[PDB]
Every structure is written in C-alpha cells, then in structure tokens.
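A closer look at the structure
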Amino acid sequence: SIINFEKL
Amino acid sequence: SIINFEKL
Amino acid sequence: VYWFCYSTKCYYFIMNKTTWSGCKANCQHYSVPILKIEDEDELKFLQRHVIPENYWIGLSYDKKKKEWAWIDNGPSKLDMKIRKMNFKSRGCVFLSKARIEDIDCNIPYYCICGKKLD
Amino acid sequence: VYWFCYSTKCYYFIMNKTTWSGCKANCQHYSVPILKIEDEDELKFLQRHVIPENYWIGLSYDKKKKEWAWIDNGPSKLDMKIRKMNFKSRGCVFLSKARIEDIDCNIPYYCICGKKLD
Amino acid sequence: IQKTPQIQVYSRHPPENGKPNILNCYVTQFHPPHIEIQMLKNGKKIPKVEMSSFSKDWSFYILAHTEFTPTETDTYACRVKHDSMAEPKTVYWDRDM
Amino acid sequence: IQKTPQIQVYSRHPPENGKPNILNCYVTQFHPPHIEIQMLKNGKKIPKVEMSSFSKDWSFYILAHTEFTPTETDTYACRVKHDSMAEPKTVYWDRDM
Amino acid sequence: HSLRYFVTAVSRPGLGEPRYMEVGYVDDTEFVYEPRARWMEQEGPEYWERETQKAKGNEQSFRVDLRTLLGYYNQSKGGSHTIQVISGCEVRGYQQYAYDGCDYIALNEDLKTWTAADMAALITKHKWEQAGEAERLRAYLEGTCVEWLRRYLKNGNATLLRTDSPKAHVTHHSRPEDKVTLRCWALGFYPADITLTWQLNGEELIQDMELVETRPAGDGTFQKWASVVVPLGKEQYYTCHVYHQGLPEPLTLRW
Amino acid sequence: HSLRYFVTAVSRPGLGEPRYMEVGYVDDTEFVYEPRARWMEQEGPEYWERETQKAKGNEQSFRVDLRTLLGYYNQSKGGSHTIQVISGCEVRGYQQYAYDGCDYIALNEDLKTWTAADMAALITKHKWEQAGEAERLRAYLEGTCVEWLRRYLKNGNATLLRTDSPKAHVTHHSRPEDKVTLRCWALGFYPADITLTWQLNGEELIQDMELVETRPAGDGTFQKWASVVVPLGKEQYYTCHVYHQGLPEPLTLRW
C-alpha cells in the first residue's frame, strides 16, 4: 500500500 | 574601451 | 565538546551520546540548560549549524502533567506542537539537520544546551 | 543599534552613519572595539548577516607605519591584503554584503564592533 | 555516519534451568546495515540461528533467536561484528540480569 | 536603499569681494540618482547653472557651477531636493568657511 | 493509530544490484511482497500484485536515485551507500529521507514545503517544486494513505488494538561492600511503549537508574527493566512505578 | 595607476527607456561616445565607433537585465530601479555590480569565483558558471584591459601623472565665550587624495576635528580643510599637518 517517489 | 557583460 | 552561538543566545554542544536526562545533567552541570527552541528561525539556524546526527533538546512529555513541556516550562513561539507527536510511542524530542522528531528518552544521542544571553 | 554574534565571538552593530574613527569611538565607548575580520569564514558570515549597506571595520592604513594595520595591530588569517588596496586613494576599509573595499575615512557609514568571546 | 550497535541477550521466558528456552540477541541502533551476528554456546557457534529494519532515528535494528535451555554451568553470549567496531563485541548472557 | 545627499558650497578661488568668482555646489553620497539642484542668489533661482557619476561606495555625486562675485551683503546658497528628504535642503554659502 | 512505510535502498557494489525493501507498520507493528501480519492475508491476489509490482518499480527507481546521489555528492562507485525513506500517515503525514545515516530530505508540518539538510538535498528540493511533488504528495497522505490506513485496521483491529498488561516484580542483587541493586521488571506487555521509573520517597530517580532499551520477546509481547543501586538495608524507601496503557492504574512495588 | 569603467543603467518608467551611461577613469580621472579627457582625442574614429557601438550593445543588453531583475526580485514595473557596474583593472581587477544602492554581484580576489549578496544575485551567480563568465572575464582583465590601460597613459602620462602641490594656510575664527576655531586649509593640489590632520602637542586629534569632504575646484585641482576648536590663547600648541604626494616633506602649520 506504499507510494511512488520521484527520483532525486 | 569597456567590456561586454552577460545579461543577468 | 564545544560551544558556539547565534544572536541573542549562546550555545554549548555535547558530542557524547546519552539518554535525554543525559543532557539535562551535563547541560546544567555546565550551568547551561538543555536547549529550548524559542522561535522559528532559531530552529532553522540550528539544523544548519548542527553537525549531522541526532541531538536532544529539552522537549519532553510531562507524563502526569499530560503535556509536552519545554524545559523552562515556558512556551516557545515554536508551536510546532503541530508535529503532533504521540502515536503508540511517548517520550522526548531530538533535532536533525532536517528534523524534529520525538522518541524513546533512553536512546543515546548528542546534546544541545541552550542558555540565553540577555 | 543592536547586537548579535556568531561562534567564539560576539558583535555589536551601530546603525548610525559616521566617519571611521566614528566607530572606534562608539565602538570602544561600548568597550567593544571596531571589528577585526580574523579569518575566512567569519567574513562570509558577516556579509550574509549584515543588513545591506556599507560598514566600517577596523582596517586602516597606518600612514607613517606605511602599512595596512588591523585595529589590534595583530594580523588576521584573512590575508586578503590581496584586495591590493591602494591606488590614487589611501584610507580605511568597509564591508558590503558582497564587498570589502577601501575608501576615504571621513565618509559616513554604519558600524561593526567585534569583540572576542574566549 | 557510523553508529555502534547495541547488543542485549535475554530469554523469551524466565529461565527455569535445564528447562527449554528461546534466546534473543537484540542488536540495535547501529549503522551501517551490514552486520553478522554470532550465536554462541561456550564460544561455540550455533548453526541455525534465526534472523531478521531501522527505527525513526535511522538506526538499523535486528533480532536474532535460537532455542536453548539454561544450565548452571554452561553459558551463552552473542558475538556481533560491525564496521563500527575494530574487532567484534561479545556480550555474555546475564541470566542473573 | 535611500541615501541623504551631502551638499557643500564653496568658490573656485578665494573670494576677494566684488571680485568675480565661480561658485561650486558639490552634492555627494546620495541615492537615488534623480536630483534637482537649485542655484540661488538671495532665494533667487539662477537661470544658467551648469551641471554633471557615483563613487566606489555606489553613492551618486554631482557638482554644479555658476559664476558669481561676492558681496558683503548679498548672499548665495544651494537648494537640493531629493527623494531622501521630505522637503528640500538649502545650504547657505559660508564665505567665512 | 497510524500507518507507515520504511523503505530501504542499499547499493552493495561488486555484489550485484542494491538490496531494496519496503516495509509496513500500522503503528510500531509490521504487516508487509509476502505480507507478514497474518490478519493482512484477508487481502487477495490483485492487491498483492498491483502492490509488489510497485516495489519492483521503486527498486528500479531508487536504482537511479542511489546513483544520481553519487552524482550530487561527488562520491564514488566504491563503498556501499544506503537510502532510507519513511512514508506514512497518522489519524501528521510522513515522507522522510535519510542517506547513509544523515538526514536528507523531508516534508514539513503543513506538507507543501520541504527542508533539505545540505547542498545536496538542496538540489533535489529545488527540483520537486519544478515538479510540484509537494502536492503530488499532499494528496496520497491526506488522500488514499488514510483510506488504506483505516481500510486496514478493519482487517485486524482485533490485534491492532489488543493490549496485554505488563507483569512486574522486583529483584534484589548484592553489590560489594554493602550495597544492593534492586531491579524492577516488566514482562509480557504490549504495546512496547512503557515507562518504568524508580522513586526514592516519591522523588523520581533519573540520575542513577539503569534502564534497559525496551526489548522484544518473540511473541508480540515485550519485556524491559529498570535498575537502582540502593544502600544495604534501606530498600523499602525505594519504590518502582510501572505505567503502561493497559493498566487501570500504574503499578507500584517495593520487593 | 589604473583604469576603471563605471556603468549606469536607470529605468525611469513612463519616461521612455532606461538612461544608460559608460564612463572611464584612469584612476580617479574621467576620460570618456564623446571622450572628455582631451589627451584622449589622440585616438581616431574607428576607435570611437567600435567603441560607441559597444555602449549601444550594452544599453540594449542591460535593457534586458534591468528587466530580468524585476523578474528575480518579484518587483514591479512601477518605480525606477538602478544598476551600476564597475569594470576595471590596476597595474586587482574590477567587475562590481550593485542594484538600487545595495551590493549585488562581484568578482573575488582570484577572479575565478564570485560572491552574491542575496537569493537574487545568487541565481545570476549559478548561471555564470553554467556559462563560465568567470573566465570569459579573467582574460580581458588580465588581457586587453591592461593593454588599453597602458596603451592609454602613453596618450597623457603628461597630465595622467602631473602633481601640483597643495597650498595651506590656517585661519582663526572666534567661538563664543572664549574659544577660537582654527582652520587649516588645502588649496590647488592634485591628486585629490590628501590627508590633513591636527595635532595638539604631537597627539593626533581625530576626536574633535571637523574635516570637510575633500571638494573639487573646477580646474582639476582640489581644495579641502580641517577645523579644530581650541580654547582662547593657546593656539600655538595645536599644529596642522598636511601630507600630500607632491610634497618633499609634509607641511606643518600654526597660524
């Protein structure tokens, strides 16, 4: 149920 | 005899 | 292990990991109490100056007085009481170069003593 | 008109435009001498903290002792003696949020008194 | 950053001597995450020794568990080896605790 | 930033009274650059009054000059009006200086 | 009650690709792409696959990250390097980044503004606004996070709210030359948040106590203890105060 | 000896386009696109045109600048706004920007690194490296600036090195209730850099002097003066020390 993070 | 500056 | 300060306030930093009361002790032992983030920008300075790690600052939960209480027991301007703080964990607060989180007061971290100057 | 400080040093800032001796006077009159940029980074802090304007700092040309001399007459680490300083104009130095230039010591500018803390 | 682990050996239930128990070597607050945990019985390495996160303060935690039964002569300890310590830290079990 | 100008009226050569001279009203260290300089003779505006940079400290300088001859009764001053002052600053010439 | 993820991306060079994980905790509790908190099994396949797919997508995404940061840090393709993240909400919303142990990037009180820890994160911050992930985030947190969060308990408020009270008792251990070290104890309690403190005549005793990091047992329950060294014959002056949530009133003991 | 330009770009809205100028000084001296230091006339047309063209090109370039800065400063198309620059070399090289009176951007001691004064110049700095004007500059300064600089004096080291010594004398003005105000003077000297200081028995007197900003006369020469208020009958204790370069020895007076 995680989120999706925008590469740093 | 001035120089030419690169717009800020 | 050293001391530095900003505007109307002088600080001392312990680089010896201990429990929260850990600072209180040494902090007052050098007569400069564990820190009190008094207002907005002050925090900002800290986090920046602060070498990378977790520091304790006087900001614990007065168990029976059911309330987070500063060490001088006087409010700050920092009402980031908004970090709601408290979830199935109670305790004390610490500072990161980019954090202000709470945790188990027996965890050994570095120290931040913060006496005023005026 | 106020005072702030960084690490091992506490400062006082006069917001009243005067000649260079202008600071010296008031500076020592509040027993905190006109400033002495002791080392690299210190300058960096100043320029940043410093509200926008021209400040005088103890750094003049000792006319007969033919040499730029700090106010404590002790060198700094700041050997930005490299701003060569001196051209058909002699005098005193002032600081800008992004400058360190010299000029006519009778020009009225703001003040920067810099006493040590250790 | 390089944090020193925080070992502690204790049993799942009070030890009743020559009575089966489950040892728990709880290593905590350490960095980096790589770390090998030795489960000893008189220096002797224990073959099977079950393993396997970091807390809000970024510190990597791990718990190791191997069944056992307390003697009043034999002994146990936990041997941890990390890049935070030159050589290994061993912590003998303190039933007495 | 808004700096107050620094007026000073003096002659090109020592005044020998009823002897032709050249007044110099030297306005300095001011900001911003816009600025009107009145050259008076007993409140009276002088028609022609020649004009026209900033020093290393960014302060805008200007010098104004109009010929004249010193009396021992008539008088002169310089009237400067800037956004740094609410109303105008006038500085009477102090031959005596 | 709250729900948080703890992400772990650790580049172990020469040793393949970075070992990456994603973990879930409703509160201090683990739950999850094999799930590990049983009551979660109550969720089907086509949950577990839109899901796992996700990890793969991040495993893959961090892979870039892991690298871009050597970039930002002048670093090397030498040692290991670890990236951690904490994304989760309460019912405060979490999105916390650390790299190597030091704090990196973070979402502040009113999730709309970040806070970097150095020139690095600094130029990760300045991008996320050129890409408004402040909001790409705000939602989820406020949005779906909570939905899942609540839409979760339901599958286990059975244990996700249980509360077995702690069972204290105090021990007495001799210390050389006339001193005894009392040890209040605290077994089989959950949650693990407890507070054990000694008192000498009603005075707290946080100057010479010797608490032990509250340790887990192996069956959800937890154990912990606090020790004091008291002069011989003068025990009954020193009392132990246990305060745990599943406790009508805090305990109190003397041995 | 040195050569410096002082640029001025001042947007006066509603009032047309920005008034822009370019000025030259070999040292504190003006010289220049009608040139204004006569000995410079010794330069032809096809000097004056590659040149003036330049001003037009900057007038045009700053025009952008002048604007881009409202950009950077959230500002307005309301009031006036002024940009100044100092580009020049000695034989230290100058490239100094100020905007509105406050310091803006600058080239540091070893011209290869700048220094901004605020979030603004800050994002003018960070570009110039993405455009290496650190060096686009280094040259000129070290390069051609000096060439022109030297290639200049030659056309006037006649006056660009002259030195008419100052002519002092001291006045005596009464002050009410027994005090007299002595005024040392200093006329017709060049260069304008001078140093006039009073002394009471060999002690400097920079506590109650009253110097006047060294003022120009109209013919290159300069005038200036320093005043002291001395008690009646006790003048001859107070001396005036004039120190100017075209002076074998500094003067000294008593009235």
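As summarised from the PDB record, the model derives from X-ray crystallography at a stated resolution of 3.26 Å.

**What to know about the overall build of chain G**
In terms of regular secondary structure, chain G is built from three helices and 14 strands. With respect to the three principal axes, the spread of C-alpha positions in chain G is 70 × 45 × 40 Å.

**Looking at the overall build of chain E**
Helix and strand content of chain E: zero helices and seven strands. In sequence order, the secondary structure elements of chain E are arranged as β-β-β-β-β-β-β. The C-alpha radius of gyration computed for chain E amounts to 14 Å, which stays within 12% of the reference 13 Å derived for 97 residues, consistent with globular compactness. Considering only C-alpha atoms, chain E reaches an extent of 45 × 25 × 25 Å along its principal axes.

**Regarding the UniProt feature "domain: Ig-like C1-type" in chain G**
UniProt's entry tags residues 166-254 of chain G with the feature "domain: Ig-like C1-type", counted in the numbering of this structure. Regarding residues 166-254 of chain G, the helix share stands at 0% and the strand share at 51%, and the terminal C-alpha atoms are separated by 17 Å.

**A few points about the environment of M51(E)**
All names here are of chain E. Mapping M51 onto the fold places it in the loop between β4 (44-45) and β5 (60-68). Sequence-wise, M51 and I37 are 14 residues apart; in three dimensions their C-alpha atoms are separated by 8.7 Å. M51 has contacts with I37, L63, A64 and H65, leaving out every residue within four places of it along the chain.

**Quick notes on the sheet that holds strand β3 (residues 29-30) of chain G**
Residue and element names in this part refer to chain G. Sheet architecture is open: six strands sit in the order β3-β2-β1-β4-β5-β6, paired in antiparallel fashion. If you trace the sheet from one side to the other, it starts and ends with β3 and β6 (102-106), each paired once. Two strands pair when backbone bridges link them, and strand β2 (residues 19-26) and β3 are joined in this way by two bridges, in the antiparallel orientation. Within β3, the residue paired with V26 across the bridge is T29. Each of β1 (2-11), β2, β4 (81-90), β5 (93-99) and β6 is contacted by helix α1 (residues 48-73), which is oriented at about 115° to β2, the strand it contacts most. The sheet strands contacting helix α3 (residues 133-153) are β1, β2, β4 and β5, and the helix crosses β4 at an angle near 70°.

**A look at the interface of chain F and chain D**
If you look at the interface, chain F gives seven residues, while chain D gives eleven residues. Taken together, the two surfaces of chain F and chain D that pack against each other cover about 700 Å², and 51% of this comes from carbon and sulfur. Among the residues chain F hides against chain D, the three largest losses belong to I1(F), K56(F) and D57(F). Together they make up 62% of the total. Our enumeration of links across chain F and chain D arrives at two salt bridges. Residues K3(F) and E53(D) are paired through a salt bridge, measuring 3.7 Å at the closest nitrogen-oxygen approach.

**Looking at the UniProt feature "disulfide bond" in chain G**
Residue and element names in this part refer to chain G. With its sulfur atoms 2.0 Å apart, the UniProt disulfide linking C89 and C145 appears as an intact bond in this structure. Exposure class is identical for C89 and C145. Each is buried. Between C184 and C240, where UniProt records a disulfide, the sulfur-sulfur distance comes to 2.0 Å, consistent with the annotated bond. Of this pair, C184 sits in strand β8 (residues 179-189) while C240 sits in strand β14 (residues 238-243), and the two are 56 residues apart along the sequence. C240 carries the same exposure label as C184, and that label is buried.

**Some words on the sheet that holds strand β3 (residues 36-41) of chain E**
Residues and elements named next belong to chain E. Strand order in this open sheet of four strands is β4-β3-β6-β7, and the pairing throughout is antiparallel. A single partner strand is all that each edge strand has here, and the edge strands are β4 and β7 (89-92). In the sheet, β3 pairs with β4 via two bridges, with the strands oriented antiparallel. Bridge pairing links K41 to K44 in β4.

**A look at the domain arrangement of chain G**
Residue and element names in this part refer to chain G. The domain architecture assigned to chain G consists of domain 1 (1-162) and domain 2 (163-255). Using only C-alpha atoms to locate each centre, domain 1 and domain 2 end up separated by 37 Å. In this complex, domain 1 contributes four residues to the contact, which on the side of domain 2 involves six residues. For the domain 1 and domain 2 pair, buried surface summed over both sides reaches about 410 Å², with 34% attributable to carbon and sulfur atoms. Considering only the side of domain 1, the residues that lose the most area to domain 2 are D28, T29 and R162, jointly responsible for 89% of the buried surface there. Put simply, domain 1 and domain 2 have one salt bridge between them. Remark: the boundary between domain 1 and domain 2 carries two residue pairs in polar contact.

**Points about the interface of chain E and chain G**
In this complex, chain E contributes 23 residues to the contact, which on the side of chain G involves 32 residues. Counting only elements with at least two residues in the side of chain E that touches chain G, the list comes to β1 (9-11), β2 (21-30) and β5 of chain E. Per element, the largest residue contribution to the side of chain E that touches chain G is four residues, and it comes from β2(E). The class makeup of the residues in the side of chain E that touches chain G is ten nonpolar, ten polar and three charged.

Criteria and thresholds
- Residues numbered from 1 in each chain as written, not as in the entry; some residues may be left out.
- Chains lettered and ligands numbered in written order.
- Heavy atoms only, no water.
- Residues with missing side-chain atoms left out of burial classes, pairs and counts.
- Helix = DSSP H or I, 4+ residues; strand = E, 2+ residues; numbered from the N terminus.
- Rg over C-alpha atoms; globule rule 2.2 N^0.38 Å.
- UniProt positions renumbered as here; feature names shortened; annotations may be inferred.
- Contact = heavy atoms within 4.5 Å.
- Pairing = 2+ DSSP bridges.
- Axes fitted to C-alpha atoms, helices over the stretch in contact; angles between N-to-C directions.
- Buried area = accessible area lost by both parts, 1.4 Å probe.
- Salt bridge = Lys/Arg side-chain N within 4 Å of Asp/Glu carboxyl O.
- Disulfide = S-S within 2.5 Å.
- Buried < 20%, exposed > 50% of the residue type's maximum accessible area, 1.4 Å probe, protein only.
- Domains from an automatic or database assignment.
- Polar contact = N/O pair within 3.5 Å; in protein donor to acceptor, adjacent residues only side chain to side chain.
- Nonpolar A, V, L, I, M, F, W, Y, C, P; charged D, E, K, R; others polar.

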